[PDB]
């Protein structure tokens, strides 16, 4: 234990889509899966990052070799969502905050590798492959592949066309079997699947999370307790509505995977607390309106504040706030 079947279940649970199941099962019969997730080092990560972090936790539980790519060059190429001056600073802020998140979840930062894009994306071998890729990829396909991912501006920049090619080559240079990201990466993933073989590199397994509504949409990982409180009961959460509910989604994609259960906090009057061992049970009760929006929010607020506390405390040290300020001036 875990068997290949248990590993496959941990790796794929809560995803919207799995591309490459045949190869995924072939690998898992024999060895650990090598997988990575990338994030461009752009705006301050917020509590919604707990969603991909929960999948990273799952990968690590399944025994996967996991790489996290801090894609600083990608931040630069995507309409300068980060300038060159600030890239090193934002890489450090991202690395710190992602490590704190994973620590807070209780994930062995063990088979976990952190790498930043400019560690290898400016090397001669990689650059040579960027030019080879450029010689088989049409402008049309590269503009198409990036449409849901890079900022769409009225006069498209060349950098925006380069972005998906580099993301494709990243699969080969990080030497992984698989890449995980949101469903909005799908066109880049199929682009990699199409073009890496023209360079003599193999296609990868691709794992995609659904688009998950936010808790608000704005809660920062360093927001203090009363700001978390303040922001939560302005959140959208209609009685009985189990669609497009950011509070239910957060529970489904983060709190259940984290603990295998979820506790609703309710007054004695309305039945007292209840412990759910599966999301579908909680969903049924919410649909029936015997879990009120206010109690759902209070239950999430307690759980979430538990997740943020060690992060807030770790960034409470001198120099981490100078880092926070300097990263985002």
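Positions refer to the first chain, counted from 1.
Unmodelled deposited residues between residue 200 and residue 201: none, per the record. When the two stretches 11-19 and 312-320 are set side by side, the higher mean Cα temperature factor goes to 312-320. The stretch with the higher mean CA B factor, choosing between 73-81 and 115-123, is 73-81. Of the candidates 183, 169, 98, 87, the PDB record gives 87 the highest C-alpha temperature factor. The residue among 187, 193, 253, 225 whose C-alpha atom has the highest B-factor in the PDB entry is 225. In the deposited entry, the Cα temperature factor of residue 144 places it in the highest third of its chain's modelled residues.
Per the deposited record, the Cα B-factor of residue 131 falls in the lowest third when ranked against the other modelled residues of its chain. The PDB entry assigns residue 287 a C-alpha temperature factor belonging to the highest third of its chain's modelled residues. Split the chain's modelled residues into thirds by C-alpha temperature factor. Residue 63 is in the middle one. Residue-level temperature factors show residue 45 in the middle third of its chain, judged at the C-alpha atom.
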